[PDB]
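This document opens with one chain alone, in structure tokens, the form deposited in one PDB entry.
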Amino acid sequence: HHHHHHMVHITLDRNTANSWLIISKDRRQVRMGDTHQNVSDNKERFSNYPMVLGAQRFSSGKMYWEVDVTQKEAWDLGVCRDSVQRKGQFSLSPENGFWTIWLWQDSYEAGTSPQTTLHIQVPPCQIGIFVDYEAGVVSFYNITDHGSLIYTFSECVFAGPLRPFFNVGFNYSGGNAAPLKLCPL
């Protein structure tokens, strides 16, 4: 792909984070803590899952960023509406305002309803995410495999400002402690 020139500098929004997440000083890395991180509750925090939003809001244009997923067993990545549900249980779907892919139990799937199997020969260590607001497109790229396409959501109905979306996943196994990292431009 040739989307690198739309690169944007994403930072994480501490106020949206699940209360167990630990965000680095530079707001570029996030990981699951082994306990509550001693923050107050607020209506923005994701309560049920280890999720956080980017601070940036997008309502036009073309945007590109990259995320490092090295040594993780489970994660979700993509974009979502600014007005997604924060509290309680929900599924990641375009109907609920999410355009995401994930790793879970050694398989990769796109967050359609129902979910779509992805075909990845080279497990990615870094994911590229491309958003074309006007076209209604969210695309995912395998940076480890020379930028090969993973998945394209087209005919997207964003219906609001978009935010970068992250889920570090649970660490029930002891094998999923590694962080998500926003990779330099």
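Start at 1 and count along the sequence shown; that's the residue number.
This next part talks about the form deposited with a small molecule bound, which is not shown.
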Exercise for the section: Work out which of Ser139, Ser47, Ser148, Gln56 lies within 4.5 Å of the small molecule in the entry with it bound, going by heavy atoms. Expected result: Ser47
Practice task
Report yes if any heavy atom of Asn18 sits within 4.5 Å of a heavy atom of the small molecule in the entry with it bound; otherwise report no.
Solution key: yes
Exercise for the section: Examine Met32 and determine whether its closest non-hydrogen atom to the small molecule in the entry with it bound is within 4.5 angstroms. Expected result: yes
